[PDB]
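Just the one chain here, laid out as structure tokens, in the form deposited in one PDB entry.
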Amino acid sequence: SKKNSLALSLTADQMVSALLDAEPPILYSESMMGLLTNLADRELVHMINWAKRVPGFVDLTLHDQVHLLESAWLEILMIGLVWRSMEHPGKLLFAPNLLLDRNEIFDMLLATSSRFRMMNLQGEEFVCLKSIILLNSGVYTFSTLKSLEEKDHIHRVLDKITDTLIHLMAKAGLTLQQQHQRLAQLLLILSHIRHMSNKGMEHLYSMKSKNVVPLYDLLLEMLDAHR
């Protein structure tokens, strides 16, 4: 209701449950780039559905919902990957039947996955991060009274997810200090994910340009939204 919003009245545990229930279905893959863009294409359908279930999200205009999707899709895909590969050091689990390794975007992705493991990132935190990406990546790329009213909403939901995260950390045995150091640690990693997304976008765009065959519709649509 963007004023009576259900998202602002959710406790930290409620928020966490909602996010966990919203988690998309495990997908499997069906050349190497072709397997990746196929998976990517199919995950995007499920991510559009996932976003609906993210507290605060349906309270924005449809155009703003689409803008956030267009802005954050790769980062979201990437944080998923980085997360799946957390336990496979030197490897990238794109799907259970698609695991690759060591021996550069892929290297940045491996490092990030390592960083997560060394921090021992938790599934409850993961889902928090993924939503922040959704709500934040587009936000300074939307002017008007409605525009700032939308921005103010997103900022309010983001503050709400911060509280959750902080709550989670406190629930586990962590000093106030340790809480704000881990919060900082995790958010700074999203800088790197933005960066990787910008590089992956450039890469994907190259392949499009040098391939003759246009690749999947949805995936192409989310790529074209950038530029």
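Start at 1 and count along the sequence shown; that's the residue number.
Below, we turn to the form solved in complex with a partner chain, even though it does not appear here.
**Student:** Given that the partner chain is not shown alongside this chain, does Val66 nevertheless sit within 4.5 Å of it in the entry with it bound, heavy atom to heavy atom?
**Tutor:** Heavy-atom contact with the partner chain at 4.5 Å: present for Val66.
**Student:** Indicate whether the partner chain has at least one heavy atom within 4.5 Å of a heavy atom of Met32 in the entry with it bound.
**Tutor:** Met32: no, not in contact with the partner chain in the entry with it bound.
**Student:** Indicate whether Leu36 is a 4.5 Å heavy atom neighbour of the partner chain in the entry with it bound.
**Tutor:** The answer is no: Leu36 has no heavy atom within 4.5 Å of the partner chain.
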